[PDB]
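> Need a 3D model of the sequence below.
(10 chains, ligands or ions: 1)
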Amino acid sequence: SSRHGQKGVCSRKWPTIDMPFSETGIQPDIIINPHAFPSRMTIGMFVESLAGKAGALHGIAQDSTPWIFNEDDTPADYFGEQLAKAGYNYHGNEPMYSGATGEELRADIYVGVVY
Amino acid sequence: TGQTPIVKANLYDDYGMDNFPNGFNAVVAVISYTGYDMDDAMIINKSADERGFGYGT
Amino acid sequence: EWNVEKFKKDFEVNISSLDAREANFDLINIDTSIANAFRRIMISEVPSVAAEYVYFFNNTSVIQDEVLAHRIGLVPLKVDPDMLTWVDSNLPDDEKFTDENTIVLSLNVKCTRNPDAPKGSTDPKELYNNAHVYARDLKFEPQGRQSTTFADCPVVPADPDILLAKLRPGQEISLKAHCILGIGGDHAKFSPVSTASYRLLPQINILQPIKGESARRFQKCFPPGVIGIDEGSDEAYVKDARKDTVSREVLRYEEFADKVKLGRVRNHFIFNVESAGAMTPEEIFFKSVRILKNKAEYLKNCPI
Amino acid sequence: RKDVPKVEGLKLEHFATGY
Amino acid sequence: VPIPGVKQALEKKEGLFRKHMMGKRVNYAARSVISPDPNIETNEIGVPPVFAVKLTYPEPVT
Amino acid sequence: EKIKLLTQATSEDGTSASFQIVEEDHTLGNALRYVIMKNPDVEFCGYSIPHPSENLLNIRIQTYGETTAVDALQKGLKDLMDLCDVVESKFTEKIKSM
Amino acid sequence: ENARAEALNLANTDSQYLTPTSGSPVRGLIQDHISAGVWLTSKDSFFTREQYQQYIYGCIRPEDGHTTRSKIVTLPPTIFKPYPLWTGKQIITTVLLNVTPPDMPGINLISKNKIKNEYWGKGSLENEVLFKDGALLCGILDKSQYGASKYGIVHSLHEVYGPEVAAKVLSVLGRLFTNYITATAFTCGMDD
Amino acid sequence: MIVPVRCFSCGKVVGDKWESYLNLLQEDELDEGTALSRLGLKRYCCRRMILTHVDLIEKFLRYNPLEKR
Amino acid sequence: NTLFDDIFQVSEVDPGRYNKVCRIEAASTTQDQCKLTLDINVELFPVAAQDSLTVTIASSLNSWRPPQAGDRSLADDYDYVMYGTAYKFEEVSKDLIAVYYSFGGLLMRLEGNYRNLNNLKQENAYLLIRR
RNA sequence: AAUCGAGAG
Ligand SMILES: [Zn+2]
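Numbering: from 1, shown residues only, chains lettered A, B, ... in the order given. Structure as follows:
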């Protein structure tokens, strides 16, 4: 589980060659379906992936204590600026390639680091 | 082998939770790719598993 | 029509760099079906040597035996994989290991307190003797013909500074580890690459001229050596695509929303290979090519 | 309210493989 | 505290009818967590090898 | 034992067969399928893995005629071998050049 | 053997396609397969000969009894020039053609789906699913078609071909949209 | 507890860099990003392995059943 | 053999949330009442507004197999040939008719006088376009 | 065997 109540059982140990890989070369160690979010509405997990990627890139730790951001200073903007100033994109997407066919996937893939 | 969170509250240090690690920072792809994680399942990399990811006794 | 000759006319390789650990190169006019085959073979099928069977004789340390054996299995070994054969699993445990397929490593280390340590010393290396166990402490114990065949090149870890364990006085570790040939599709410890992958060569199609100050900001939306301002006319042009990390920061401005299209060259793969330490990256790639060819030949010669 | 403190000294960390 | 009588032995849900006639513990059954599998037929079940060696079927030899 | 012809799917004239290969995955399957789809005589070609947890690969080859699925498979395998040979030779040439 | 025959014929899962509560279907693909079908059956989906044949074989695999012809039958491409390009709706059509028994016509279903025409732009008619002789000619397959929905394609196949063929169609569609989802992944993020 | 031998994601050997990371943090007045870069950790998957290690082995080692306290 | 032929002046092209296909509103230059709507992938046959296209519907080109050396067909005289089937007819009014074609999901609606559209029947037909 | 407490769906 994440720290946002996204519990789930491990369904398969996916071999690393069959895992999708990014333009950076890294292959995620956890895959979570995008359909876990629309009904659960855990946007904290999205912003935590964003902030974790930015922190692991800049070698910093970001605080996540509630009510430090607001609707004029959005964490999306904050961590996106931090990601853009490091060579990755604003929205945390990464160009990934299918590990079974080797083709680039249809769209950029949302990746990051979460606890 | 636990790790400290990259994203943590300011009170994580105030209660000294680093003395008691609870998890690990993981590279998580929000992707519908495998077919083996739809309802609530999740997929763990086999190689990461063999490198001691999430091991315990 | 497609033919091997028509592929041989157009395929080409551009080695961008090559070290003893990392090799960066290009494969042009090839299909993802073959580039991905090479990448998958590099990660999973190319053999290497790692610790498999650990025979503990004493472990009074804080790290438990299974964890210590796992760590000893993870440390990469500078062994040429051709120098040893493959273990026949069906054979009994007595005759399974021999001098031509098994490499014996030992680790005997006792911690005793240092009686000369200064008062107020907080450094474990000054307070205790052998308070740290490193991969370099894994001695190599040759047996049989390998006492002569390995005399040219003794077996040492590729990273002798790997901190295997820590000790305190009275505590000790005494173990033997058997190292054999294995492939990374079985266990990730046998994988001979830190990471081998590729990426398509990015394309930056400029559609309309970006003359003026817009060139300064358009060039500002890419890695530093990707867009340049032409000396003659104040125009932006693509200098180097390989320098671009595809981040689509240009798309985030509606100024350039209809001035540039970002795509890829679907046949121009930039292979980046890093070696764990046992083999050079160029030899890793060569072995993967040979593995694909040999497996195809085995299928060809197999009766149906 | 003071906005969240913008971290300073932010440089490029991501470069294309081989460079 | 009081020692149950015969009527108390059958009266309720925890009695004898509802716990040993209407429902029963059974042989040749198994229980485990479920995980998804899209490569299994929609009319099938994915049986672990640990169950497949403990569950048997009487087969008259012909 | 390595390569097996699935008789329940083969054609009587041999122009449409189906092959089961053990200990193989996308790595060989995709390469072989791409190379076989270069034969101008093959009508249908694809690969499928019945179950990911099993190391079994299935290859289907249907030809227009004048050959067989076995012959198309042999041609694709040989073409794959030659493709690997040319890649190896060109890589070595560029290594020596440097 | 009596309990075997009861479980195979009376309590088997392919007999429970419709629940008796209201006669509505209770089986069908759920989330990733639905979101994959929306992508695969839009007009913007074109597939070369290699991609088309790979998808069809991957979802069919005739050696496991999935075909009714012992040899995969394909369709001519939608676009002949400049180069041969098929469509995802053609993928659906040939999937049906290979699972649906021969010497029997194809389904003629007129229905809808959940996505209004206004979401695809002016003049679109993709809200109106249409089958004719078993060829998907308009609209996108959705949750309304395969899923717990009445009068969709899987329900109509159930009605016209028995429950076994609808079970085969569910399995084949699940395999199709799974192999498609690894080739062209699906994701969500902050940009959405 | 003790530093992992390899990075979980890619597999790069990062077990020989924890002591160097501490040295570069203490002796040199380097920030964490600079120290990680100067160790050769470019991918954030490798950076996190050292940036977030806790090193509980030191606290475990103070409870020694084999030496008088 | 051919069943229809005309020259159409493309009026509007709208992508509509598609990155590959576009909807074309093309009105004929000869017949004042014959108009056309068609979906084609404009990454293979790009079309702009105010363009002239020679649209031909043919019953054949004189099963399928990728082209080989020495093969001739009606497609060689056109730039963009689609295959499909007719599914719907409609009496728009007196002296008017519309035929609905589906090319694997790409929709064409050809409305014209039934005198010149009488050759079109509910069968598989090839659409051929030229600039 | 009960009773109490902790859990899972
Ligand atoms: Zn890493």
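> Let me see the ranges of the strands in the chain.
Looking at chain A here, since you left the chain open. A:10-14, A:21-22, A:30-32, A:62-63, A:93-94, A:96-97, A:109-110, A:113-114 (DSSP state E).
> nope, chain B
B:7-8, B:26-32, B:42-45.
> Ramachandran coordinates for residue C:17?
Main-chain torsions, residue C:17, degrees, to the nearest 10: phi -160, psi 160.
> out of everything not next to it in sequence, what's closest to it?
Leaving aside its sequence neighbours, residue C:17 sits nearest to residue C:24 (Cβ to Cβ, 6 or more residues apart in numbering or on different chains; 4.5 Å). From N, CA and C alone the C-beta is placed, and that goes for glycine too.
> same for the helix or strand hosting the one you found, what does it pack against?
If you go by DSSP states H and E, residue C:24 is part of strand C:22-28. In terms of contacts (3 or more Cβ pairs under 8 Å, 6 or more residues apart in numbering or on different chains; DSSP states H and E), strand C:22-28 is packed against strand C:12-18, strand C:260-275, helix C:281-301.
> now the residue nearest to residue C:17, which residues is it bridged with?
According to DSSP bridges, the residues that bridge with residue C:24 are residue C:17, residue C:272.
> Just want to check the distance between it and residue G:75.
44 Å (Cβ to Cβ, to the nearest Å).
> Can you pull the phi and psi angles for the nearest residue to residue F:62 once chain neighbours are set aside?
In space, and not counting its chain neighbours, residue F:62 is closest to residue F:44: 3.9 Å by Cβ to Cβ, 6+ apart. Main-chain dihedrals, residue F:44, degrees, to the nearest 10: phi -130, psi 140.
> right, and residue G:116 touches residue G:127 too?
Yes - the criterion here is Cβ atoms under 8 Å, and residue G:116 meets it with residue G:127 at 5.6 Å.
> Need the three-state assignment for the residue of chain G found nearest chain I.
Per Cβ to the nearest Cβ, residue G:121 is where chain G lies closest to chain I, at 2.1 Å. Put simply, residue G:121 is coil when judged by DSSP: H, G, I helix; E, B strand; the rest coil.
> show me the contacts for it.
Going by Cβ atoms under 8 Å, 6 or more residues apart in numbering or on different chains, residue G:121 touches I:14-18, I:23.
> which outside residues touch the helix or strand hosting residue C:237?
Following DSSP H and E, one finds residue C:237 within strand C:236-238. The contact list for strand C:236-238, computed with Cβ under 8 Å, 6+ apart, reads C:204, C:206, C:210, C:214-215, C:218-219, C:226-230.
> how about 7 Å then?
Outside of strand C:236-238, the residues within contact range by Cβ atoms under 7 Å, 6 or more residues apart in numbering or on different chains are C:204, C:206, C:210, C:215, C:218-219, C:226-230.
> Among those residues, which one lies nearest to residue C:128?
Closest approach between the contacts of strand C:236-238 and residue C:128, by Cβ to Cβ: residue C:226, at 53.4 Å.
> tell me the SS of residue E:31?
Quick answer, by three-state DSSP: residue E:31 is coil.
> and the closest residue to chain B within chain F, what element?
Per Cβ to the nearest Cβ, residue F:52 is where chain F lies closest to chain B, at 8.2 Å. Assessed by DSSP H and E, residue F:52 sits outside every helix and strand.
> contacting residues around the most centrally placed residue in chain H?
The residue lying closest to the centre of chain H (Cα atoms, centre = their mean) is residue H:18, at 2.9 Å. Counting by Cβ under 7 Å, 6+ apart, residue H:18 touches C:163, H:3, H:50, H:53.
> Swap in 10 Å and give it another go.
Residue H:18 makes contacts with C:161-163, H:2-4, H:39, H:49-50, H:53, H:55, as judged by Cβ atoms under 10 Å, 6 or more residues apart in numbering or on different chains.
> that older thread, my read: the residue nearest to residue F:62 touches residue G:67, true?
No - contact criterion Cβ atoms under 10 Å: residue F:44 and residue G:67 do not qualify, at 11.9 Å.
> which neighbours do those two share?
residue G:73.
> Spatially, what comes nearest to residue I:114 if we skip its sequence neighbours?
Counting by Cβ to Cβ, 6+ apart, residue I:114 lies nearest to residue I:97, which is 4.4 Å off, once chain neighbours are set aside.
> I figured the one you found hits residue I:109, correct?
No - using Cβ under 10 Å, residue I:97 is not in contact with residue I:109; the gap is 11.1 Å.
> Need the residues touching each of those two.
With Cβ under 10 Å, 6+ apart, residue I:97 and residue I:109 have common neighbours residue I:90.
> ok, back up a step: and the contacts of residue G:121, which of them are in strands?
Using DSSP E, these in strands are I:14, I:23.
> Where does chain E get nearest to chain H, which residue?
The minimum distance from chain E to chain H, using Cβ to the nearest Cβ, falls at residue E:35 (22.4 Å).
> Also chain G?
Closest point on chain G to chain H, by Cβ to the nearest Cβ, is residue G:189, at 17.0 Å.
> so what's that residue closest to, chain neighbours aside?
Excluding the flanking residues, the one nearest residue G:189 by Cβ to Cβ, 6+ apart is residue A:110, at 3.3 Å.
> does the one you found really touch residue A:95, like I thought?
No - counting by Cβ under 10 Å, residue A:110 does not reach residue A:95; the two are 11.6 Å apart.
> Just want to know which of those two has more residues nearby.
residue A:110 (26 against 21; other Cβ atoms under 10 Å in any protein chain shown).
> List the contacts of residue 3.
Went with chain A since none was named. Residue A:3 neighbours (Cβ under 10 Å, 6+ apart): A:42, A:44-45, A:48, A:64, A:114-115, B:5, B:7-8, B:22-23.
> Hmm, no, I was thinking of chain B.
Shown in contact with residue B:3 (Cβ under 10 Å, 6+ apart): A:115, B:18, B:21-26, H:4, H:48-49, H:51-54.
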